Amino acid sequence: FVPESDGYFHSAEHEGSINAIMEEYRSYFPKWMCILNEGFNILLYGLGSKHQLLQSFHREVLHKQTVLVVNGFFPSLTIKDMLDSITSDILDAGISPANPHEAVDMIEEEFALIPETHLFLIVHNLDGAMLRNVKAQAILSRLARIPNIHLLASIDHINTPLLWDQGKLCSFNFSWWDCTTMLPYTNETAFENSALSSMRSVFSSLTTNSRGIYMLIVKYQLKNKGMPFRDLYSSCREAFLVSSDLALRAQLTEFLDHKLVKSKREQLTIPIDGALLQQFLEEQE
Amino acid sequence: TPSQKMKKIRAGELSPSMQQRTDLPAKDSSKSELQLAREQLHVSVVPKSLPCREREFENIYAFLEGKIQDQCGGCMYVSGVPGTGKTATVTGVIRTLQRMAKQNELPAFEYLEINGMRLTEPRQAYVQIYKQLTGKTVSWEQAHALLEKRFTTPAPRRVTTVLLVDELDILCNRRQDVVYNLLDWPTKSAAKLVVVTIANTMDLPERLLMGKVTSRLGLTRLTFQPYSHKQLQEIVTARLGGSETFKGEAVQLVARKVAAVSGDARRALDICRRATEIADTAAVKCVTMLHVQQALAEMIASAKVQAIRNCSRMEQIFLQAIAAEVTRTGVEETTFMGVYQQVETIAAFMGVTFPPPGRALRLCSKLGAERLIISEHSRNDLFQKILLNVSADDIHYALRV
Amino acid sequence: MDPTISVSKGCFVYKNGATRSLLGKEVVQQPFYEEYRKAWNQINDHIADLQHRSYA
Amino acid sequence: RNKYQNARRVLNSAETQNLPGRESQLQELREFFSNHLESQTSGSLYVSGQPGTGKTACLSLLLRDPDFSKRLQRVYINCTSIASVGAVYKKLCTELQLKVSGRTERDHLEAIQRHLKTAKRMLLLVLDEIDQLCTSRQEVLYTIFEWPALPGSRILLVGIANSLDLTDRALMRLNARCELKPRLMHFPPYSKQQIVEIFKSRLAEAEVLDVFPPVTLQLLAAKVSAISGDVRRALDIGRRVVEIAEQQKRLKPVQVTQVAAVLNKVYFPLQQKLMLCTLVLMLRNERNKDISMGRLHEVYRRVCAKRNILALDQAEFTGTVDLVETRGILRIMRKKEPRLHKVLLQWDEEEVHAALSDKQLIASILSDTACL
DNA sequence: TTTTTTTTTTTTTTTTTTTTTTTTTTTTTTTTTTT
DNA sequence: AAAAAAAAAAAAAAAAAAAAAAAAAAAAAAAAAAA
Ligand SMILES: Nc1ncnc2c1ncn2[C@@H]1O[C@H](COP(=O)(O)OP(=O)(O)OP(=O)(O)O)[C@@H](O)[C@H]1O
Ligand SMILES: Nc1ncnc2c1ncn2[C@@H]1O[C@H](COP(=O)(O)OP(=O)(O)OP(=O)(O)O)[C@@H](O)[C@H]1O
Ligand SMILES: [Mg+2]
Ligand SMILES: [Mg+2]
């Protein structure tokens, strides 16, 4: 891959092949154990999802050693959670200190006391959504530098080595492997990190006066193709649809909560185009 | 040992005593009539029957008597600006109900009371409610558990309990679990709990309470309107009794000049006490109108002209020049450098020499200490922003007239 | 979609006798691993000797 | 004693046995419970609705059902009763009589997970007010809603809240798996006739039906069903009508004028008058509505000096505007200095003109542009 | 051997610090006009 | 094709409340003193 700079300045058979690919990567496991024995760490950089390959490595090979699987594609993990996991569950040493580098210091001084107790560390998506800062990669590089801890990892983002300098890459004694499966990212894109019908469904739940306030907003937006607060308050007090100002303010706040009215500074727009508002007004008559 | 004494304190077995005087207090027969008026006009001396609050007394009395007699439980919210007789009327209602219960005209009941501003956290309401039942001081988790075991479980014969909650806005926070718990326990049939909640703002249930808490709070509400000049005169002439110590026009002046500002009853009963103290040192036995005029000038203070007149000469030149920079630039917020340029212009006109900008910064800090101007920390000299806290017409009223 | 992936947890522990020489005897007693270990230990001691002699 | 106090007692706004407005919802919940009992499969459920619509009353009526009492283990947890979000495991261990080693929340979680792994009866965990468990990470709520996916676990849980889309907004990750996303059940607000039937059931519970003719019930329900639709406000106005009519008439049925007066009831000092008039004048004559306290005080002083009334200084004026804030006419945005506090009028000007009721003074102040 | 005294650890409770929310204001980028 | 300016959206303070960590005080078990 030798990219050209001029592009920047001018601006079935498949399942059998995937099974053969997965068997070919399954053959690599004794060589991976021999490589992990010499102090190197395994890194996989293929195209597709490498969750099943690392799960097969943990199942078929590491069925008796201490293993900390870390799902880095989880949108809500913290480095404190992994450090507390190591400290409390593996070493039985309680909760880790609040500064993470002191926690890695204590993990090094405690793992230096116990040789022949290897901790395997399997980080799916080392470039995950909450591991993309410099601090978590410094913590993981200090963890992988320990001779007792052996690390396997996967990377998928193309800008992954931008956060590894030469010191982190010297601590991460990586052995790079092209484990290119063609499996789709089912698990990795399932999480939170990656409308007319909703408007009708939340409009059926409102009461009568709430519907009337929203119909006043719809009629004003359809006549003028964001309405002020004073015209809405005058039209609500004319039809006796509200008692005072504060009930209307709370009702419009409820409208902001269910994504029906968007407030701007009081300008109250509906984020729906005019033809759909016309069909919606014909739906209510 | 004091640790055993504190373990007795948490158990509620030792009374929190206060020191007693070595000398016996003064007798009532030695007091002058001005002294009797000054001790009757105190705000701590509540009457047994409050004037001009008869309708609110009838409303709260009918509410609490009905909730006691039906043995059902519910809630109320009374409101009004401070000084309008809310807590005095509620405790007068509850004292009348306890006098009826001691005469077996009403079923007997328990009366717990808390205050939102006497607590360091809103969670301490559980500690202070449970302390008034048993006497024990516990943690708020155990007190919450014991209050839930008291209110949610049916146990005949449970007595009716009336919980007055002053300062309801302090018990609100973001989570709103304390106010939800206090207003949710009357909804259970096992708890014969009647909650009265006192606060200042009328629209507290819709402003900062949630929807379910406003639903539980109900709509049976009362508002205490501020005192007019007729009512606020009736209060003071009730406190004086049949004495002729106050002139009839003096109390009218106090009521007319306090009712126009706030409607507070403490304000009138403090201005009348200050007028009595003025009449005492003037060696007269009556409180005429000019004593009330001097007391009204003292209590409703306006002492910014006196501060500008007693500023030094360089301070007054600085105060003229800040107003000159406001007039020149148009905006109200001025930097120090343009103020110092106008300072040197005005000092060159007036014939004086001015101190250098360091001592001018000392003058600016000295005026900002009195809050005559608003100024920053002097670490950013020549670029700090100088608001003028006094109005520009008070400076020209003080330095010309 | 699997039991291994959870919606709440992010880290999973499989502790087997953890308290407070990875491979087996079948490869360590082989001659190629012994000669590899011996050659690597010689070369690593030689490079450490050279770096200490350069820094002294 | 008489019919009025009997009606005031029997409305009661408290826990009941009959629920005439909730018949399809109770049958649907019974069908959900019976279909998950007969297949012995676990299932989540999230019921929601406006406050006062009948959710807790329904799921407290169903946690006293004797057949579901014999077939499964019922647990009710109100979630404002917990000291923290992570204490729900401690509360559930206390409600299930589990034995823990103790003194960490993770061990309580492990004890609950072991109690779900084995079983002898099905578990029904009702978490009422489940919006109180929502946090930043939501480890607790995602841990709880994953228990139907746990292998061999038989817990079927119900979460009650007010928000229509709490499972969509605060439980986004549950949509990724069809095993995990809870079945939804909305409790719609009450209509007019449902509130009428609730009143006619509560009044026939103690045979006090003669106090309310049908016309006033059909007016009170017509207002309350249109305003909010909850039954707590309906029963509160229905109790307040009788407790006002007992004060008024001391057997007279309550008239339409009494409930109309109570329904329109539910649904000044001189310096505060002069403050409100200058705020209306400053908002009428100027298009910049960012009024500070000092800029308002300067116009107030000239308006007072024009009428030859002695004006307050800034220190009493701040307290005066603070007292007008309590009535709801204003809202004071707080800043670092009291001169720079921002007054925001929160009534329209006709409400101020009707509330001050001193139009001879109001028309005199609004015509004086020159003092601004 | 059995009762009492003093130590250490652990547990709970309170206080302080850090992190999060939440409101307001500022700065940067966008859309629309002008050359 | 490129400049500008009126407004909208990203961000930047900040300020106010809460989550969590630290620190201290009270309680349960331990080990020694002693009758
Ligand atoms: N109608 C009245 N007649 C006689 N004295 C009154 C009257 N109203 C108030 N007072 C006196 O003024 C004081 C008012 O204190 P009170 O407890 O009534 O304040 P409040 O109205 O509850 O308001 P807040 O507690 O919010 O300040 C009392 O000490 C009482 O002696
Ligand atoms: N269908 C009904 N028939 C008779 N009474 C009812 C009905 N629904 C509710 N109520 C009564 O009205 C009150 C409403 O309280 P409920 O337990 O329904 O609150 P909720 O709907 O859970 O509101 P929130 O979610 O705000 O607590 C209850 O005391 C109940 O007795
Ligand atoms: Mg009070
Ligand atoms: Mg409920």
# chains A, B, ... in the order shown; residues from 1 in each chain; ligands from 1
>>> residues_around(residues="residue F:34", least_positions_apart="3", cutoff="10 Å", atoms="only C-alpha atoms (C1' of nucleotides)", output="list in words")
residues 3, 4 and 5 of chain E
>>> write_last_selection(atoms="N, CA, C and O atoms (P, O5', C5', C4', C3', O3' and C1' of nucleotides)", output="PDB file, in the first residue's frame")
ATOM      1  P    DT E   3     -15.543 -17.707  83.590  1.00  0.00           P
ATOM      2  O5'  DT E   3     -15.214 -16.148  83.739  1.00  0.00           O
ATOM      3  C5'  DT E   3     -14.987 -15.594  85.031  1.00  0.00           C
ATOM      4  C4'  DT E   3     -14.143 -14.334  84.948  1.00  0.00           C
ATOM      5  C3'  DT E   3     -14.718 -13.218  84.067  1.00  0.00           C
ATOM      6  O3'  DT E   3     -14.915 -12.044  84.852  1.00  0.00           O
ATOM      7  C1'  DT E   3     -12.400 -13.565  83.627  1.00  0.00           C
ATOM      8  P    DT E   4     -15.485 -10.689  84.200  1.00  0.00           P
ATOM      9  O5'  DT E   4     -14.163  -9.838  83.898  1.00  0.00           O
ATOM     10  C5'  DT E   4     -13.198  -9.659  84.932  1.00  0.00           C
ATOM     11  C4'  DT E   4     -11.919  -9.024  84.409  1.00  0.00           C
ATOM     12  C3'  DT E   4     -12.091  -7.710  83.640  1.00  0.00           C
ATOM     13  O3'  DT E   4     -11.070  -6.806  84.049  1.00  0.00           O
ATOM     14  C1'  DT E   4     -10.816  -9.194  82.371  1.00  0.00           C
ATOM     15  P    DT E   5     -11.223  -5.220  83.845  1.00  0.00           P
ATOM     16  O5'  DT E   5      -9.822  -4.804  83.206  1.00  0.00           O
ATOM     17  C5'  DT E   5      -9.102  -5.752  82.436  1.00  0.00           C
ATOM     18  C4'  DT E   5      -7.850  -5.139  81.844  1.00  0.00           C
ATOM     19  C3'  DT E   5      -8.048  -3.786  81.190  1.00  0.00           C
ATOM     20  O3'  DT E   5      -6.803  -3.085  81.154  1.00  0.00           O
ATOM     21  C1'  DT E   5      -7.737  -5.459  79.521  1.00  0.00           C
TER      22       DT E   5
END
>>> residues_near_ligand(ligand="ligand 2", cutoff="6 Å", atoms="only C-alpha atoms (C1' of nucleotides) and all ligand atoms", output="count of residues only")
20
>>> select_by_dssp(residues="stretch 93-285 of chain A", states="alpha helix (DSSP H)", output="MDAnalysis selection string")
chainID A and resid 100:111 134:144 166:171 196:203 208:223 229:238 245:257 274:283
>>> residues_near_ligand(ligand="ligand 3", cutoff="9 Å", atoms="only C-alpha atoms (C1' of nucleotides) and all ligand atoms", output="ChimeraX atom specification")
/B:82-83,85-88,115,166-167,198-199
>>> select_by_dssp(residues="stretch 288-332 of chain D", states="strand (DSSP E or B)", output="PyMOL selection string")
chain D and resi 291-292+330-332
>>> closest_residue(among="E:32, E:27, E:14, E:20", to="residue F:4", atoms="only C-alpha atoms (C1' of nucleotides)")
E:32
>>> interface_residues(of="chain F", to="chain B", cutoff="12 Å", atoms="only C-alpha atoms (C1' of nucleotides)", output="CSV table (one decimal) with C-alpha atoms (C1' of nucleotides), in the first residue's frame")
chain,number,residue,atom,x,y,z
F,16,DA,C1',-23.7,23.4,41.2
F,17,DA,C1',-24.6,18.9,42.7
F,18,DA,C1',-23.3,14.1,43.1
F,25,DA,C1',-14.5,6.7,64.6
F,26,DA,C1',-16.9,2.8,66.3
>>> atom_distance(atom1="atom CA of residue D:152", atom2="atom CA of residue D:179")
14.1 Å
>>> decode(residues="stretch 102-132 of chain D", atoms="N, CA, C and O atoms", output="mmCIF file, in the first residue's frame")
data_model
loop_
_atom_site.group_PDB
_atom_site.id
_atom_site.type_symbol
_atom_site.label_atom_id
_atom_site.label_comp_id
_atom_site.auth_asym_id
_atom_site.auth_seq_id
_atom_site.Cartn_x
_atom_site.Cartn_y
_atom_site.Cartn_z
ATOM 1 N N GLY D 102 -20.665 -11.047 52.628
ATOM 2 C CA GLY D 102 -21.067 -9.700 52.969
ATOM 3 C C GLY D 102 -20.006 -8.656 52.668
ATOM 4 O O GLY D 102 -18.886 -8.956 52.243
ATOM 5 N N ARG D 103 -20.417 -7.396 52.850
ATOM 6 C CA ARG D 103 -19.549 -6.217 52.929
ATOM 7 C C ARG D 103 -18.845 -5.902 51.610
ATOM 8 O O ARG D 103 -17.783 -5.273 51.606
ATOM 9 N N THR D 104 -19.443 -6.327 50.494
ATOM 10 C CA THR D 104 -19.169 -5.775 49.170
ATOM 11 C C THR D 104 -20.369 -6.080 48.283
ATOM 12 O O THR D 104 -21.041 -7.099 48.472
ATOM 13 N N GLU D 105 -20.669 -5.163 47.359
ATOM 14 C CA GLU D 105 -21.860 -5.299 46.524
ATOM 15 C C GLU D 105 -21.702 -6.419 45.502
ATOM 16 O O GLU D 105 -22.696 -7.016 45.064
ATOM 17 N N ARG D 106 -20.460 -6.702 45.102
ATOM 18 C CA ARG D 106 -20.187 -7.767 44.142
ATOM 19 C C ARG D 106 -20.531 -9.137 44.718
ATOM 20 O O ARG D 106 -20.998 -10.023 43.993
ATOM 21 N N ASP D 107 -20.366 -9.316 46.030
ATOM 22 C CA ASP D 107 -20.739 -10.587 46.640
ATOM 23 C C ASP D 107 -22.251 -10.740 46.750
ATOM 24 O O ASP D 107 -22.766 -11.858 46.629
ATOM 25 N N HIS D 108 -22.975 -9.637 46.961
ATOM 26 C CA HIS D 108 -24.434 -9.682 46.895
ATOM 27 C C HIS D 108 -24.911 -10.012 45.488
ATOM 28 O O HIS D 108 -25.872 -10.772 45.312
ATOM 29 N N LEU D 109 -24.239 -9.454 44.475
ATOM 30 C CA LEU D 109 -24.564 -9.767 43.087
ATOM 31 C C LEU D 109 -24.292 -11.233 42.768
ATOM 32 O O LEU D 109 -25.084 -11.879 42.071
ATOM 33 N N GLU D 110 -23.192 -11.777 43.296
ATOM 34 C CA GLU D 110 -22.886 -13.191 43.101
ATOM 35 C C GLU D 110 -23.891 -14.083 43.818
ATOM 36 O O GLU D 110 -24.244 -15.156 43.315
ATOM 37 N N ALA D 111 -24.368 -13.651 44.989
ATOM 38 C CA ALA D 111 -25.376 -14.422 45.710
ATOM 39 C C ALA D 111 -26.703 -14.436 44.965
ATOM 40 O O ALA D 111 -27.377 -15.472 44.913
ATOM 41 N N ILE D 112 -27.085 -13.305 44.364
ATOM 42 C CA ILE D 112 -28.300 -13.270 43.552
ATOM 43 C C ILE D 112 -28.137 -14.130 42.301
ATOM 44 O O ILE D 112 -29.061 -14.852 41.907
ATOM 45 N N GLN D 113 -26.950 -14.108 41.687
ATOM 46 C CA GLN D 113 -26.726 -14.911 40.487
ATOM 47 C C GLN D 113 -26.696 -16.406 40.792
ATOM 48 O O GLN D 113 -27.092 -17.215 39.946
ATOM 49 N N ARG D 114 -26.237 -16.795 41.985
ATOM 50 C CA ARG D 114 -26.336 -18.197 42.384
ATOM 51 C C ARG D 114 -27.768 -18.565 42.757
ATOM 52 O O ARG D 114 -28.188 -19.712 42.573
ATOM 53 N N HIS D 115 -28.529 -17.607 43.298
ATOM 54 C CA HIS D 115 -29.926 -17.872 43.630
ATOM 55 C C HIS D 115 -30.785 -17.978 42.375
ATOM 56 O O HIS D 115 -31.866 -18.573 42.403
ATOM 57 N N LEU D 116 -30.345 -17.374 41.272
ATOM 58 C CA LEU D 116 -31.089 -17.517 40.024
ATOM 59 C C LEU D 116 -30.678 -18.776 39.270
ATOM 60 O O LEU D 116 -31.458 -19.308 38.474
ATOM 61 N N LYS D 117 -29.449 -19.258 39.496
ATOM 62 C CA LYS D 117 -28.955 -20.429 38.774
ATOM 63 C C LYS D 117 -29.706 -21.692 39.175
ATOM 64 O O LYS D 117 -30.227 -22.413 38.316
ATOM 65 N N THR D 118 -29.771 -21.978 40.473
ATOM 66 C CA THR D 118 -30.692 -22.983 40.985
ATOM 67 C C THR D 118 -32.033 -22.309 41.229
ATOM 68 O O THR D 118 -32.097 -21.079 41.205
ATOM 69 N N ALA D 119 -33.092 -23.093 41.470
ATOM 70 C CA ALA D 119 -34.423 -22.570 41.775
ATOM 71 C C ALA D 119 -35.354 -23.669 42.267
ATOM 72 O O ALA D 119 -35.104 -24.855 42.037
ATOM 73 N N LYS D 120 -36.433 -23.275 42.935
ATOM 74 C CA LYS D 120 -37.574 -24.147 43.167
ATOM 75 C C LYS D 120 -38.896 -23.507 42.777
ATOM 76 O O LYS D 120 -39.825 -24.226 42.410
ATOM 77 N N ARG D 121 -39.006 -22.181 42.847
ATOM 78 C CA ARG D 121 -40.146 -21.451 42.321
ATOM 79 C C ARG D 121 -39.651 -20.345 41.402
ATOM 80 O O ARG D 121 -38.495 -19.921 41.469
ATOM 81 N N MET D 122 -40.547 -19.882 40.539
ATOM 82 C CA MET D 122 -40.259 -18.765 39.655
ATOM 83 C C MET D 122 -40.209 -17.474 40.464
ATOM 84 O O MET D 122 -40.903 -17.335 41.474
ATOM 85 N N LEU D 123 -39.364 -16.538 40.041
ATOM 86 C CA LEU D 123 -39.217 -15.260 40.720
ATOM 87 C C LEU D 123 -39.910 -14.158 39.932
ATOM 88 O O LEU D 123 -39.769 -14.072 38.708
ATOM 89 N N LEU D 124 -40.669 -13.324 40.636
ATOM 90 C CA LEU D 124 -41.286 -12.129 40.066
ATOM 91 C C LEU D 124 -40.695 -10.927 40.793
ATOM 92 O O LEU D 124 -41.032 -10.662 41.950
ATOM 93 N N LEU D 125 -39.805 -10.212 40.120
ATOM 94 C CA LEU D 125 -39.131 -9.053 40.691
ATOM 95 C C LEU D 125 -39.739 -7.801 40.077
ATOM 96 O O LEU D 125 -39.448 -7.455 38.931
ATOM 97 N N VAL D 126 -40.586 -7.119 40.837
ATOM 98 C CA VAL D 126 -41.188 -5.864 40.406
ATOM 99 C C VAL D 126 -40.362 -4.716 40.962
ATOM 100 O O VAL D 126 -40.254 -4.555 42.183
ATOM 101 N N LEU D 127 -39.787 -3.913 40.073
ATOM 102 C CA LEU D 127 -39.002 -2.744 40.450
ATOM 103 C C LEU D 127 -39.820 -1.508 40.111
ATOM 104 O O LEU D 127 -39.915 -1.124 38.942
ATOM 105 N N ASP D 128 -40.403 -0.886 41.126
ATOM 106 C CA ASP D 128 -41.235 0.286 40.908
ATOM 107 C C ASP D 128 -40.368 1.534 40.982
ATOM 108 O O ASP D 128 -39.418 1.583 41.768
ATOM 109 N N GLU D 129 -40.711 2.537 40.165
ATOM 110 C CA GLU D 129 -39.928 3.751 39.926
ATOM 111 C C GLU D 129 -38.510 3.401 39.488
ATOM 112 O O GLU D 129 -37.540 3.737 40.170
ATOM 113 N N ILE D 130 -38.391 2.739 38.333
ATOM 114 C CA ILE D 130 -37.103 2.242 37.846
ATOM 115 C C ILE D 130 -36.272 3.341 37.200
ATOM 116 O O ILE D 130 -35.106 3.115 36.856
ATOM 117 N N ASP D 131 -36.826 4.547 37.063
ATOM 118 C CA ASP D 131 -36.057 5.683 36.565
ATOM 119 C C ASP D 131 -35.016 6.168 37.570
ATOM 120 O O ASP D 131 -34.137 6.961 37.215
ATOM 121 N N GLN D 132 -35.107 5.723 38.825
ATOM 122 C CA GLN D 132 -34.146 6.113 39.848
ATOM 123 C C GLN D 132 -32.847 5.323 39.764
ATOM 124 O O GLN D 132 -31.853 5.728 40.377
#
